[PDB]
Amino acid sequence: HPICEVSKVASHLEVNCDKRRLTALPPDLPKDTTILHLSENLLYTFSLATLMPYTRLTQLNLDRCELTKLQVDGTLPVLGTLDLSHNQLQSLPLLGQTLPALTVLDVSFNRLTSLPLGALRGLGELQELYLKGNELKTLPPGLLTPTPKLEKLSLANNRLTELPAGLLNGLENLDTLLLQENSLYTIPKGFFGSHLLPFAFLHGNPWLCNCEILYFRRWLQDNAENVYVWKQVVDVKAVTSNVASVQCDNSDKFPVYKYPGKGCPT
């Protein structure tokens, strides 16, 4: 190919078109491409239908491409991974009818202010969803209903003030939930259900310690070993167990799991 680098790693045909000041998809890519890197280009707009000739495409990286709009139509039958992180998307595209085999979706660090109803419909194979670093205030009901296989969910560093009571419904395989650095103040009763959740990040929220936090306090007490702090300094990412990181707003860093709840109804 005259523009992009073509490389073969094991069974994968990796095509590298990144960091090339591209404003559009280069034509005549190898038809047996399985991985396409378009990262760090000047695309601003892109259309998934233009990738339909590449019937073996399983991974697509469109990160850091200044995307403001992603046109979605046609079908990429075997795409498993889509990276749309670090763009400027204001609305989440509906990918379900175009990417039925998608298992990983990353739209972190965009400009999402809301998620549409039935946003994830048709994405039955989805296992990882990253929406960290957006501007989400609330989530629609049944958001994760069409994604029962979900294993990782990242909603960290948004502006969430509430979570839907049935957010984690039907998620028997969830192992990582990231909700740190939002504006959450309470957890609805029954939110976590009975499913074991190995990793939960809940620090950096203004938890309101009143009688409404009691369900949360109990869950924290029962799951103290599953509550973690996420911290990135320079390039080093740190993940550390610390249930005391979940703290009451308007206090001397008082941990929610120790909140007495004096005067609350029994």
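Heads up: residue numbers just count along the shown sequence, starting at 1.
- The stretch 92 to 100 shows the higher mean C-alpha B-factor when 92 to 100 is compared against 149 to 157 in the entry.
- When 217 to 225 is weighed against 230 to 238, 230 to 238 comes out higher, by mean CA B-factor as recorded in the entry.
- Residue set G133, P164, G124, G80: peak C-alpha B-factor at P164 (per PDB entry).
- Among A49, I35, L202, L62, the highest C-alpha B-factor recorded in the PDB entry belongs to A49.
- Per the PDB record, residue ranking by Cα B-factor puts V72 in the highest third of the chain.
- When the modelled residues of the chain are ordered by their C-alpha B factor, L208 lands in the middle third.
- The PDB entry assigns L29 a C-alpha temperature factor belonging to the highest third of its chain's modelled residues.
- When all modelled residues of the chain are sorted by CA temperature factor, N182 is found within the lowest third.
- Compared with the other modelled residues of the chain, the Cα B-factor recorded for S251 ranks in the middle third.
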